[PDB]
Amino acid sequence: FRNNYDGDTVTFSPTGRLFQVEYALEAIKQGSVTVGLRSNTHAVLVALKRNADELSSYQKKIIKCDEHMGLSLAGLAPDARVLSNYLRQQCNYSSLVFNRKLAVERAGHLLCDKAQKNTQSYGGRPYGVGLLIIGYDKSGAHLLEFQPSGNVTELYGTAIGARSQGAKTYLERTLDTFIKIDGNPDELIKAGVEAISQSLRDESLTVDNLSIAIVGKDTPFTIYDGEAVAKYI
Amino acid sequence: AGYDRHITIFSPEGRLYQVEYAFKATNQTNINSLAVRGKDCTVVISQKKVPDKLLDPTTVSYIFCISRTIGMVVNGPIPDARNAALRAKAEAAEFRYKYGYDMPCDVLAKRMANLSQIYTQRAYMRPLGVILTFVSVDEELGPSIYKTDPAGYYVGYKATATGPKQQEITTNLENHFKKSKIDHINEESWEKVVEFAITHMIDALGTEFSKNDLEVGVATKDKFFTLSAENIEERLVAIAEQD
Amino acid sequence: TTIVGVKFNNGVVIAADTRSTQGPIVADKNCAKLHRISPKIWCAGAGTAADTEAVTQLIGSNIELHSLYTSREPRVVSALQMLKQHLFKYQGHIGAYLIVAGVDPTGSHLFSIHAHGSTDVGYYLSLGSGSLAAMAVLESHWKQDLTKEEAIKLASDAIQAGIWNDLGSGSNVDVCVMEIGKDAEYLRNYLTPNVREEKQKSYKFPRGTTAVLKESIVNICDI
Amino acid sequence: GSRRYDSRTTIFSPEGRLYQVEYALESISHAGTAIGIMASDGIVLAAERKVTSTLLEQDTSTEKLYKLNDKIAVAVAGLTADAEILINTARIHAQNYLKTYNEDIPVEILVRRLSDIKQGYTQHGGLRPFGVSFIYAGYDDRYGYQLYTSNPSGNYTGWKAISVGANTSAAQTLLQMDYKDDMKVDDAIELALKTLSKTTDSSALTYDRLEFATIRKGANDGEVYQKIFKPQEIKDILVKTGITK
Amino acid sequence: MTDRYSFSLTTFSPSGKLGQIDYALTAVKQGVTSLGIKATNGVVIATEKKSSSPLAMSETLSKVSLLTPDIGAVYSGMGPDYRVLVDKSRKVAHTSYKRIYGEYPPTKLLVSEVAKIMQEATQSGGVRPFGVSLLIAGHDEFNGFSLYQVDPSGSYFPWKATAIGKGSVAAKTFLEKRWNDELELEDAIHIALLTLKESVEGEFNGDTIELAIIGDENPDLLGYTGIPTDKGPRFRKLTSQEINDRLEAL
Amino acid sequence: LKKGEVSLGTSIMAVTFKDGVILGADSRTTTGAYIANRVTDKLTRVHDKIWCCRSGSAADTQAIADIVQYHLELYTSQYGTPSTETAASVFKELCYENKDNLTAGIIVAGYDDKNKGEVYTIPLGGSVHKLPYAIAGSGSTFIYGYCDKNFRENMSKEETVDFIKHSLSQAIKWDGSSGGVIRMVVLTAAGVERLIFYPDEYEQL
Amino acid sequence: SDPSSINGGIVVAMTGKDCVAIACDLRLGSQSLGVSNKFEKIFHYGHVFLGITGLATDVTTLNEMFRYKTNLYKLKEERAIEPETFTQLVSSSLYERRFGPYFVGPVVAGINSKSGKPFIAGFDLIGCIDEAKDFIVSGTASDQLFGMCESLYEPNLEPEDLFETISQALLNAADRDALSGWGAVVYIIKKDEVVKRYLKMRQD
Amino acid sequence: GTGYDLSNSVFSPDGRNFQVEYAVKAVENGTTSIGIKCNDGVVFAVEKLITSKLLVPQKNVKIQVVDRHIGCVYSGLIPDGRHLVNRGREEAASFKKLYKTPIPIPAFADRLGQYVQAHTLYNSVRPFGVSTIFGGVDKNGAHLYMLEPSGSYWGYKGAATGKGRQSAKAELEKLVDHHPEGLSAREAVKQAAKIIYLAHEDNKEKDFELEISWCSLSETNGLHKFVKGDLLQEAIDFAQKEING
């Protein structure tokens, strides 16, 4: 039973979900929560940095991948690393060769294929990681949700990591306000810190180890760390 | 028996699960085909199963043109039939490129027979459930029917029938070939051979057939051609107006 | 050398000389140039003796293999295609210039192959150093409709013309007649149009002029 | 799936040696006998031929006795098939050594290549081991006569008399007792022919149901002259010993 | 894809058995009667070639293959297995003796090659042996006339006379008495016909029996209708008409 | 390295007429000044309704053409009947990547029943060029004026038959590497018709 | 430098009657300075004798190769290598190396173990087989050797008289060289004894 | 659990392995796509499900081009669809470079088709599990093809799939039957919208976004285009008309 659709990448179900996809979806939640919201001129990521040991020191877990691109993770960190590795390489090859700056949709599609080849051999594997990728290109602002299941939707707002549903319900409500507010950073950032505080219900909110990352028309890729998140709590 | 589905080992039976079931599953499309040779022609008539009005009635095919002379009817599931068709088409052209001579029936049979045997020997490819009826009017071998079956066994036939109603068709061909005392049709004009074929087919399968229920492929010396809807009608028309 | 080919209405005839030379001196009067590939593909070879023999044998092993594999008679049209592609691949760094002839249930065949990677068709064809005299004879007395006797007779006159006016060509003449009805008749030494050479007599050496520094013996097996 | 259709048996037993290897040994002990006797003026090899009948050709007894060299020969205990692959590779290894150093291969040097491949066969690939043991008969000009044995476990030893294949215990017991080092070829043959008798239970033993060879000094060589006996030569020596069996 | 079955699919047990082989040996028995006689005055092979459908012709079926012009082979077992192994057997015979050594192979050395392929497809994982046993009959000046069996095991042995397929034990027995050291090729064709008569009746006619001989030959097909370089190959396979004619005088 | 080299009749053409294309050639191989071939088939079928004229080096053209033949057989069986433009590209690809060894002057002319007759001319180095008619080889410059002025579309078969026989018979006379038979190939939907006329015939006619 | 005439060499083979004869020089040089009067060029395999002329490096490399081929052939077959067979294997080994270096002229002599008849055959670097039963010569002075042999030989010679033909043919052919001096040997081969006789001759 | 559910390195007793059967079942619980063949073109439409107001209208697209004149939409498992298309592109480009022409639809079909068959003859390489409705116009007309999991494809004149298949197919055959094949390309856009709107009635616990495209010989001038602007508003109008509104 278990052993039919677990480790076996070649099998199918009448439903089309294997055990390996449902575990992967659970793995995303076991990382820390990170929320996404965007207008049409900016895209924001608000992410909580909460240490997992007593002595551990805070380190960036939003990683700038290019001038016009980055991602934040939620889920498994090795799994996240390999993909980020391939994407930085991919970014370079497009820029040298075709001068092409990627839109999110294009990268995404690439990302699905990569996972797909590794779910067609027993010696490769599926992943365990979701990613929210922001970027600003000439089609405006973008926020994308990447899933190991290969479901890619470009959204106005989302959340992944634990306790997504706090933030989603707030994000669908303040939707209409935020999307029509263009050229103004500060309101969208502030609103992201409020969203993420509804994801938390019993877990701390840190006033110097929150990290907010933004991209846009008037903003090249900046992560605000330490002090500089203060005036948006 | 053995346990052929989990490891590639033999059975003391001599015949394996992959071979045994390939013998069975070759009909589920509700298909019947026969091939007869004329004195100097070869005719294939095959049931054509257009089951819907969502499909064009002439994209549904089961007779493939492998070469310019050679025809191949595949009796099997349609993915397996096309898998065989693709390979057969390359081997036919590759043989002409290297050896300077178009493909005959028997050499194509042999190549594929060897392939099917290898994939049964492998534990890293599946074999297919296809029965391939290769037909032509070869330049040296005369009129030809060579039919392969799954196993990697093949042999040459007088005439042949395929489908669950193989038996019904057989008794009609037998009766004619004994009567005439030759193992080919006395007739020598592909029209009259096509017409004869249909006659024995109506009789065996017990339903009068339309043009959209048949699909005709004709082989002659140095050419292969398929008969269209109008073309099939002209033959049918006579069988409906004689007793 | 001189090698020819002539088509007749009932078969095809090939002919050759078998002389090999080292300078003017006749190393070998007989040394094969009509090569059996099969009992209905025989082949006449010119250029370098070593390349022509070797490369036909290479083709031959694989052709004898192909005829068997595919369970059918050998074919000139199969050998032809393989020779061209192989000579092409090496770009004619193998100097074998062949006239391949043969008979099948599909007719009489006559082709020639240049080492350049070219194949040819004709109705009479020739190659060799004696190619120019030989072709002259072939092209003139061939006429529409032809017989065994006019074809062998022609074949003979052709190889002689090349013996006579090209003096890098001599010795024995071997002919092989491939009929549609028959198979092949190899007629070894069919015409021997030239003969042995003068002797003036030669004489016992005296033992006061023949000296042996020292004597030993060694065994026939030391292996 | 098919990552669990792996036999996983070319891994260790707790018994200190691989499953398949130990099981294979059994297979040897159920096929033909080879006996190796090293003498002080030869090396005598005897093997009892497995199936002998009229339907077989009885005049052939090289079915398990192959000479690898001019002065090295082997005896097979195991199955024909398994053997052939090592025979061919030992033959080439002989020629590589000959060519590199301008001298013939020493018996242990040759043994050691064969044994490293036998081990190899389970060490790379997961594939199954052999089902053959050789007893090697050879001369080298650095130790006198050498007579060795290798097994698909890749362990090899030298012995002054050994038997492999079926009925190892019985033959070895008798050999240790009658052994001497002042024996000659002919004294060994007589000995060999007694031992073989005592392990085979019969009315009579015939000359065509044996495969025999001895490698003696000779009288056409200061080397060693390898004499491969065929049925009719087996018949002669059977008279000479006066041992009818 | 590859790399999933890299354990051998023969393994041992304390009875030493190799699974695949025992099953495959059984297959040979279930073939048709094929036999070999060395008459020590040639070699004669005969087998049954038989229909499997009323509209299957038998004159498109042969069980006798030429491996080289002067070595012939016959079998019992699986049809496909025999054709594919035969292609590979042909390959080595032609490339490695007729180009390298310039001549036709010696039988016993060709027996070593064919064995090695079969033993190899057992030793390597992911694939099975061939489920056939072949009898390889050949002639050479050096060795005389010869006959070997090569098993599905990749073991070999020589056999003065043998039979394989259905009715193996009785066919070999009757034959052994009728087999003399010095035996006339015509009598040796009768004995073969006689044996195959005992296996089958009610479909036993001479034009369904395929017999081939090592000894008499036709020079006129070897391109020596004209003056010979030499006599050439000794195998020549009978047509049906020759077989039927002798069956009347059986 | 090829030792010696070979040459062909170098005045080749495809002419469009009433119902298709009629393809015309002279044939002659020479190897130096040795007349390797009086007659030749260099009138090459690459598909049943699409033939070509081969010119340039004998060894090279034949070697290419065989490869084109393999692709267009496989092409038919799988992807449906070719076009003149499809054949032309395949010929070109093989010339261009290996223009380091190849000298092929190709006219591929074929008949389609929705494009009518089509002439695609691929010179040395290889580039596909669509024209309504072609002349090629090196003897073509000299008949450029004739051809342009008397070229007419939808001319009677009898009249085109004369026009090709005449066009070449003039070309062959004034040019020197031309010679041997004039062979012609009529391509319409009724099939392929083969014409051969020997030296003594065409000179006169 | 020279491609093979650094050290030179010549080889002659005759047929007699139940008998054959093969003779060669024993020169080794370094360009035109003769350095040694000894270097054997004739080796044999079973009972078929192989003399190889050319460059010393190429005789050595071939000699070790033909040992390798003869031995495995010998082992499988339980039977020695035969003149007739040996000719073909030499052709086939040489044609593979016509694209490699090789600047050799081997000559083969023997008596068959399968029809009792004399056998000689000749090879060049090209690998043209020279089918002969009269004499066959190879080497630098092969042209001259052909003239000497064509005149001097008379058919059907017994070992002593055969010996005299070959020994004198080689001596007078060699006298118009310096690249064929420094001693020379004749082997007169029967299928039961081989007599090896050193001749006395020129040097620089 | 039979090795006819864990491996495709064998033939099944049902002539197909269970996992391929399962791919066919998962297409049907999925999303609806149709394809309408007409006398001068083809029209494509797909239902894009709306689950949140967080999605953006037409900045996620399901109909993706191959070449410039063949339009591809598929229903079923998202990752498998990317991979199929990526392949579809590599074939299409190779064809354009090599033969100097846009690729025919029966040709293009054989190339994808052979690749879907490949991944269904290996014991560890995943099958595809999308059904692709695809097609376009070439130099002998318009063609509509539909490709399945199993590698099965035929030409269609109308095609339907998904959750709302039953409904969709009903309206679709009525209209195709009524028409010579489908009438004008223009008329077909509206019709197409009705089917998708009608199929949406089978799933009202979600919203849809109607998405149409077309590829028409003289009504797109050989190109595949998205259907938008006025042409999308009109098809909506027609749809809400019949299905009350």
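Everything here concerns the structure above.
As a starting point, this report considers the structure included with it.

This next bit is on the overall build of chain C. If you tally the helices and strands in chain C, you get 4 helices and 13 strands. In terms of overall dimensions, chain C has a C-alpha envelope of 70 × 45 × 35 Å along the principal axes. Considering chain C as a whole, with its 223 residues, one finds that 56% of them fall into the buried category. Intrachain contacts of chain C at a sequence separation of at least 6 include 58% that bridge at least 24 residues. Accessible surface computed for chain C: about 10100 Å², of which carbon and sulfur atoms make up 52%. Taken together, the 21 basic and 22 acidic charged side chains of chain C have centroids lying 5 Å from each other.

Bringing the overall build of chain E into the picture now. The number of helices and strands found in chain E is 6 helices and 10 strands. At 19 Å, chain E has a C-alpha radius of gyration in line with the 18 Å of a compact globule built from 250 residues. Along the longest, intermediate and shortest principal axes, the C-alpha atoms of chain E span 55 × 50 × 40 Å. Going through the 250 residues of chain E one by one, you find that 58% of them count as buried. At a minimum sequence separation of 6, the contacts of chain E that also span at least 24 residues come to 65%. For chain E, the distance from the average site of its 27 positive side-chain charges to the average site of its 31 negative ones is 7 Å.

The next subject is unusual backbone geometry. Phi at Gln91 of chain C takes a positive value of approximately 55 degrees, unusual for a residue other than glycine. With respect to the helices and strands, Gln91 of chain C occurs in the loop between α2 (76-89) and β7 (96-104). Here the phi dihedral of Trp182 of chain G falls at roughly 60 degrees; this positive angle occurs in a residue that is not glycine. Mapped onto the elements, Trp182 of chain G comes out in the loop between α4 (159-174) and β11 (184-190).

Each partner contributes to the interface: chain A provides 36 residues, whereas chain H provides 31 residues. Here chain A packs against chain H, burying approximately 2900 Å² in sum over the two surfaces, 56% of which is carbon and sulfur. Between the two partners, chain A and chain H, sit 0 salt bridges. The interface formed by chain A and chain H holds 8 residue pairs in polar contact in total. Elements supplying a minimum of two residues to the side of chain A that touches chain H: α3 (104-117), β7 (153-154) and α4 (164-178) of chain A. In terms of residue class, the side of chain A that touches chain H is made up of 11 nonpolar, 18 polar and 7 charged.

Turning next to the environment of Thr56 of chain C. Residues and elements named next belong to chain C. Relative to the elements of secondary structure, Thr56 occurs in helix α1 (residues 49-70). According to the relative accessible area criterion, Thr56 is buried, its value standing at 4%. Residues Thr56 and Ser38, 18 residues apart in the sequence, show an inter-C-alpha distance of 11 Å. Contact partners of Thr56, with chain neighbours within four places excluded, come to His35, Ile37, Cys43 and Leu98. There is a polar contact of 2.8 Å between the side chain of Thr56 and the backbone oxygen of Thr52.

Below, the discussion takes up the packing of helix α2 (residues 80-101) of chain D against helix α3 (residues 107-123) of chain D. Residues and elements named next belong to chain D. Direction vectors running N to C along α2 and α3 enclose 135 degrees, while the axes themselves pass 10 Å from each other. Accordingly, the angle class assigned to the pair α2 and α3 is oblique. The crossing of α2 and α3 is right-handed. Contact residues: α2 offers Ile85, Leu86, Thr89, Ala90, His93, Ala94 and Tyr97, while α3 offers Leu110, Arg113, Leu114, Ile117, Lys118 and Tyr121. Across the contact of α2 with α3, the residue classes tally to 9 nonpolar, 2 polar and 2 charged.

Conventions we followed
- Residues numbered from 1 in each chain as written, not as in the entry; some residues may be left out.
- Chains lettered and ligands numbered in written order.
- Part of a larger assembly, values for the part shown.
- Heavy atoms only, no water.
- Helix = DSSP H or I, 4+ residues; strand = E, 2+ residues; numbered from the N terminus.
- Buried < 20%, exposed > 50% of the residue type's maximum accessible area, 1.4 Å probe, protein only.
- Contact = heavy atoms within 4.5 Å.
- Areas by Shrake-Rupley, 256 points an atom, 1.4 Å probe, with all protein chains shown as cover.
- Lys, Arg positive; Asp, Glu negative; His and termini not counted.
- Charge placed at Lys NZ, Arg CZ, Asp CG, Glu CD.
- Rg over C-alpha atoms; globule rule 2.2 N^0.38 Å.
- Buried area = accessible area lost by both parts, 1.4 Å probe.
- Salt bridge = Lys/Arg side-chain N within 4 Å of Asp/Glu carboxyl O.
- Polar contact = N/O pair within 3.5 Å; in protein donor to acceptor, adjacent residues only side chain to side chain.
- Nonpolar A, V, L, I, M, F, W, Y, C, P; charged D, E, K, R; others polar.
- Axes fitted to C-alpha atoms, helices over the stretch in contact; angles between N-to-C directions.
- Parallel < 35°, antiparallel > 145°, perpendicular 65-115°, else oblique.
- Left-handed = near helix turned anticlockwise from the far one by under 90°.

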